[PDB]
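Trainee: The structure that follows is given in the form of C-alpha cells.
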Ligand code: CHL
Ligand code: CLA
Ligand code: CLA
Ligand SMILES: CC(/C=C/C=C(C)/C=C/[C@@]12O[C@]1(C)C[C@@H](O)CC2(C)C)=C\C=C\C=C(C)\C=C\C=C(C)\C=C\[C@@]12O[C@]1(C)C[C@@H](O)CC2(C)C
Ligand SMILES: CC(/C=C/C=C(C)/C=C/[C@@]12O[C@]1(C)C[C@@H](O)CC2(C)C)=C\C=C\C=C(C)\C=C\C=C(C)\C=C\[C@@]12O[C@]1(C)C[C@@H](O)CC2(C)C
C-alpha cells in the first residue's frame, strides 16, 4: 500500500503502509513488522534518534582519539585503547564519577521524557523563567538553545534525513568495534591498516577460519 | 484465533467472551480444568501468582548466576545459597521462616479476601486510613494503586499488550525453574554451567546423553 | 498551591489548593479519599515536628562534642550512667522507660481525643505569632517545608550511618576534605559494583 | 532403633538369611554344566537375590529379630526417620490411581445417562467416549474438589428413594 514514489530499500518490493515517509529515513524497511502498531512505532522513532545520536558521539570518541595518537599528538590519555579507558586512572575514582553521571543524567533524561509524554510542556527554564524554547518544537528536536546557529531554519527535511543516515551508519560502526575488538583483539584503526596492507588475504573469512 | 495446536477444537469454555478476555488465551486446556466458570476465575489468579513469583525467583537465580561467571559478583549456586546465607546470619532458619509465614500470611490473607469479595479491603476504618488505596482495580489479580508507582496501567491503548507480556514471560519463567530443578538432579551442576557445556559440544552434551532421562537408551 | 513537583504535569483534583505545602504530589493517590487525607495531613505535620526536634538534637550532640546520635543510648546496654551536657543523671533504663511511657501516654492521649487538631494555638502559642489569619497561612507553609526537609535529613543520618558508620557532622567534614573520594558512590554499599 | 528394630544393613540375622538362600541355589547349581541352560538360569536367580538384599539394606529398612524388613506406618515416625517410602508415600500413590479409576468411571456413567438408551451403553462400551474420559482423569483431584465446593457432587436427599421407616 506504500506508494512507489518513495525511496525503497529493495526496489520493486511491496512495503508496509504505515511507513508512509513521515519519519526521516523512511525507506520502508521492516521485514519483521516491529513498527506496525502506531503506539510502538512512536516509541521506536525516539529510540532510534537516541541510540543513533549517542552512537555518533561514541564512534567519534573512539576514532579521533586514536587518530591523533598515530599522528604523534601527545596528551596524557594518548595510546589508550577505547576498551581500556575504564581501567585508566583519573583524578577521581570510577565509582564517584559514575554516581555523578547518573544524578546529572537523571535530570536531563526525565526532562526529555516529560516533553515526549506531553510535547511542549518542558520548554521553560525552572530557575530563570525568562528563558524558554520555541513553542513549535517536536519530540526529539528541541531546537531553541539546542540550535544556537539556526541550522534548523533551513531545509529541515533534508537535515533530518542526513542526521538519520549518518546516525544509522554510526550505529553499525560501533557494533563493528565490539565484533572486531572481541575477535581481532586490537584497536579499530589497527584492523583497517591490516586490511589495507593486504586486502585480499585479510577478510573476516581468512581471519576467522584461521582461529577455527 | 491463535491456538496452541492449529486444527484442534478449542474447548467451549475458553471461547466465551469472558474467557477470551483473559491474557494468553490460546485454547490450551486438554484436561478441562477450567470448565466451571467459577474455577477458571480462581485458576487465573493462581497462574498470575505463580507467574510473578517464578519471574522474581528465576531472575534471582539467573542474573546472579551470569554476573558470578562474569566475575562481577560471588554468589553460590542457587541450590547452595540457602546454606551459605544462614551461616553468616543473625537468626536460625527456624526463626527466619516463622516470621516469613506471619508476614506472608497476613499479606496473603488480605489478597484472599479480595478474591472472595472484590474491593472489600477498602472497608472504611478497617486499616489506618490506608484502606482507600487497597480497593484494587476492576480486573481481579491486577491491584494497581500503590502497586503501580509509575502508573503504566493508566494507558488504555497499551493495557492488553502489557498483560500479554507478563503472562508470556511468566509462563516461560515457570518452565525455567522446572528446568533448574530437573537439571540439578540430571547433571549435578549449575544452570549457567549447563548452558556452557551445551554450547561447547551441542551434539554430545544434552539430555539424550546425560544417562538419566532416557534409561532405556 | 505552593508550586509543582513535576513541571508540565497536572495537579490532582482531590488535593485542595489552600492546603499548606500543596505541590500536587500524590503519584499513588493515597489521599484520594477525604477521610484518608484528613488523617495524613495531621500525620505529616506531626512527623515533621518530631523530625525537626530530632535533627536538631542529633546535630547539637555532635557539635558540642558529647558523641553522636547513634551511640547516645549505648550506656544502657554497655552498663554505665546517663549524662546530659556532661552532668550525671541518676535514672536508669527501667526508670526512663516507665516515666517516658506514662508522660507520653498522657500527653499523646490528650491529643488523641482532640479529633485531629494540627494547629491548636492558645496555650501552645504564647507569643501569638499565628493569631492573625492572614499571617498564619504563610507560617504553616514555612513549618511544613522545614519539617519535610528535616524528615529527609533524618533519613539521611540513618542511611548514611549504615553505609559509613559515622555521625552526620563527621561525614560532612569527611566529604569536604575529599569531595571526590568520600561520597555515597565510594562507600562500597550504595552502588553494587565498583 | 525404632520399636527396638535395627537397620537391616547392621542386622546379623539379615546377613545370615542371604547366605541361606544363596546356599540353596548353589547346591542345585553343581548338578548341571558350566554354561548349560539350567545353569545360566540359576546364576541369573543368584544375581537377583544378591541385588535384592543389597537394595533393601541400601534403602535403610528396619529388621526385627527375625531378620526380615519391617515397615513403619505412622506418618510422624516415617518422616522423622526417613521411612516415608515404605507406607506414607505409597499411600498417596495409590489414592491418586484409585481416584483416577473411580472418577473416570463416574464421568462415563453420567455421560451416558443423557443418551436415549443408557443400558445399551453399559454392556456395549462407547470406546471413543471412554478414551476421551480416560485422559481427562489425570486432573481428577482438581475436578473432584471443585465439584464438592459447587455442591454438585452429591444428590439431594429428596431425590433418593428410601424404604418406609
Ligand atoms: C556505553 C557503556 C559502556 C560500555 C560498553 C563499557 C564497556 C566496558 N567497560 Mg566501561 N563501559 C561503559 C560504561 C562505563 N564504563 C565505566 C567504568 C568502567 C571501569 C572502571 C572498567 C570498565 C571496563 C569496561 C569493560 C568491561 C569488560 C572487561 O574487560 O571486563 C573485565 C574487567 C576488568 C579486567 C577490570 C577489573 C578491575 C575493576 C576495577 C573491577 C570493577 C569493574 C566494574 C564492575 C566495572 C563496571 C562497568 C559498568 C558500570 C559498565 C568494557 C570494555 C573495565 C575495563 O576497561 O577493563 C579493561 C573496567 O575496569 N568500565 C563507567 C563509569 C564512569 C561507565 C559509565 O557509563
Ligand atoms: C560500519 C561498517 C563496517 C566497516 C566499514 C567495517 C570495516 C572492516 N571490518 Mg568490520 N564489522 C562491522 C562493520 C564494519 N566493518 C560489523 C557491524 C561487524 C559485526 C558483525 C563487524 C565485524 C568484523 C569482523 C569480525 C572483522 C571485520 C573486519 C573488517 C575489515 C574488512 C574485512 C572483513 O572481513 O570485513 C567483514 C565485515 C563486514 C562484512 C561488514 C558487514 C556489515 C556492514 C555494516 C556492511 C556495510 C555495507 C555498506 C555497503 C557500507 C560499506 C562501508 C562504507 C564506509 C562504504 C574492515 C576494517 C575484519 C578485520 O578486521 O580484518 C583485518 C574482521 O576480521 N569486521
Ligand atoms: C492413626 C492414628 C495415629 C496414632 C495412634 C499416632 C501415633 C503417634 N504419632 Mg502420629 N500421625 C497420624 C496418626 C497417628 N499417629 C496422622 C494421621 C498424622 C498426620 C499425617 C500424624 C503425624 C504425626 C506427627 C507429625 C508425629 C506423630 C507422632 C506420633 C507419636 C506420638 C504423638 C501422637 O501422635 O500421639 C498419639 C496420636 C494421636 C492422639 C493422634 C493425632 C496425632 C497428631 C497428628 C500428631 C501429634 C504429634 C505430637 C504433638 C508430637 C510431640 C512431640 C513428641 C516427641 C512427644 C505416636 C507414635 C510424633 C512422633 O513421631 O513421636 C515419636 C510426631 O512427631 N504423628
Ligand atoms: C513459583 C515457581 C518458582 C519459584 C521460585 C522461587 C521463589 C525461588 C527462590 C530461590 O531461588 C532463589 C531466587 C534463590 C535461591 O538461592 C533460593 C530459592 C528459595 C530456591 C515455579 C512454578 C512453576 C510452575 C510450573 C512449572 C507449572 C507448570 C504447569 C503446567 C505445565 C500445567 C499444564 C496444564 O494445566 C494446564 C495449564 C491446563 C491443563 O488442561 C493441562 C495441563 C498439562 C495439566
Ligand atoms: C522520611 C520520612 C517520610 C517520607 C515519606 C515519603 C517520601 C512519602 C512519599 C509519598 O507519600 C507521598 C508524600 C505521596 C504518595 O503519593 C507517594 C509517596 C512516594 C508514597 C519520614 C521521617 C520521619 C522522621 C522522624 C519522625 C524522626 C524522628 C527522630 C527522632 C525523634 C530522633 C530522636 C533521637 O535522635 C535524638 C534526638 C537523639 C538520639 O540520641 C536518640 C534518638 C531517639 C534517635
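Bear in mind that the values in this text are calculations on the coordinates, not laboratory data. Don't worry about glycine lacking a Cβ; one is built from the backbone with ideal geometry, like all the others, and counts go over all protein chains shown.
Trainee: Gain in length, residue D:12 to residue D:25, computed as 0.36 nm per residue apart minus the alpha-carbon separation, to one decimal in nm?
Mentor: Extra length from residue D:12 to residue D:25 when fully extended: 2.6 nm.
Trainee: Once the Cβ-Cβ distance between residue B:95 and residue A:165 is put in as r, and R0 is 60 Å, what FRET efficiency do you end up with, to the nearest 0.05?
Mentor: Efficiency, from the Cβ-Cβ distance: 0.40.
Trainee: Any idea how far apart residue C:100 and residue B:80 come out in nm if each label point goes 7 Å out from Cα toward Cβ?
Mentor: About 4.5 nm separates the two model spin labels.
Trainee: Note the angle between two axes, namely the Cα long axis of helix B:37-70 and the longest principal axis of the Cα atoms of chain B, as a number of degrees from 0 to 90, rounded to the nearest 10.
Mentor: Orientation of helix B:37-70: about 40 degrees from the principal axis.
Trainee: Among B:58, B:205, D:162, rank each residue by its count of other Cβ atoms within 10 Å, from fewest to most, as a rough exposure measure.
Mentor: Going from least to most buried by this count: D:162, B:205, B:58.
Trainee: What distance in nm lies between label points placed 7 Å from Cα along the C-beta direction at residue C:163 and residue A:156?
Mentor: Result for the modelled spin labels: 4.4 nm.
Trainee: Let me ask you something else. For the protein assembly as shown, compute the orientation-averaged projected area of the C-alpha convex hull (one quarter of its surface), in nm².
Mentor: Dividing the Cα hull surface by four gives the mean projection, 66.2 nm².
Trainee: Relative to the compact globular guide of 2.2 N^0.38 Å, what is the alpha carbon radius of gyration of segment C:87-135, as a ratio?
Mentor: Rounded to two decimals, the normalised Rg is 1.72.
Trainee: Same structure, new question: Quick one: what does P(r) look like for segment B:75-217 with 5 Å bins over all Cα pairs, in whole %?
Mentor: Percent of pairs per bin, in order: 2, 7, 10, 11, 12, 13, 12, 12, 10, 6, 3, 2, 1, 0.
Trainee: To the nearest 10 degrees, how steeply does helix D:12-29 sit against the main Cα axis of chain D, on a 0 to 90 scale?
Mentor: The two axes meet at around 80 degrees.
Trainee: Which value in deg cm²/dmol, rounded to the nearest 500, describes the helix-derived mean residue ellipticity at 222 nm for the protein assembly as shown, given -39,500 (n - 2.57) per DSSP H run of n ≥ 4 and division by the residue count?
Mentor: Estimated from H runs of four or more residues: -18000 deg cm²/dmol.
Trainee: Same structure, new question: Compute the helix-to-body angle for B:156-187: its Cα long axis versus the longest principal axis of chain B, expressed 0 to 90° and rounded to tens.
Mentor: For helix B:156-187, the angle is close to 30 degrees.
Trainee: Find the centroid of the Cα atoms in segment B:61-113 and in segment C:147-194, then give the distance between the two in whole Å.
Mentor: Computed from Cα coordinates, the inter-centre distance equals 28 Å.
Trainee: Shifting gears a bit: What is the order of A:102, C:151, fewest Cβ neighbours within 10 Å to most?
Mentor: Going from sparsest to densest Cβ surroundings: A:102, C:151.
Trainee: Return the distance in nm (one decimal) between the two label points of a simple spin-label model at residue A:1 and residue C:39, each offset 7 Å from Cα along Cα→Cβ.
Mentor: 5.4
Trainee: Subtracting the Cα-Cα distance from 0.36 nm times the residue separation, let me have the gained length for residue B:73 to residue B:18 in nm, one decimal.
Mentor: Taking residue B:73 through residue B:18 to full extension adds about 15.1 nm, to one decimal.
Trainee: Additional query: List the residues of segment C:150-168 whose backbone N lies under 17 Å from a point placed 7 Å from the Cα of residue C:25 along the Cα-to-Cβ direction.
Mentor: C:150-157
Trainee: What FRET efficiency do you get for residue C:141 and residue C:176 if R0 is 22 Å and r is their Cβ-Cβ distance, rounded to the nearest 0.05?
Mentor: 0.10
Trainee: How would B:217, D:17, B:178 line up from fewest to most surrounding beta-carbon atoms within 10 angstrom?
Mentor: The most exposed by this proxy come first: B:217, B:178, D:17.
Trainee: I've got another one for you. Between residue C:123 and residue A:37, what is the FRET efficiency for a Förster distance of 60 Å, r being their Cβ-Cβ separation, to the nearest 0.05?
Mentor: Given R0 = 60 Å and the Cβ-Cβ separation, E is 0.40.
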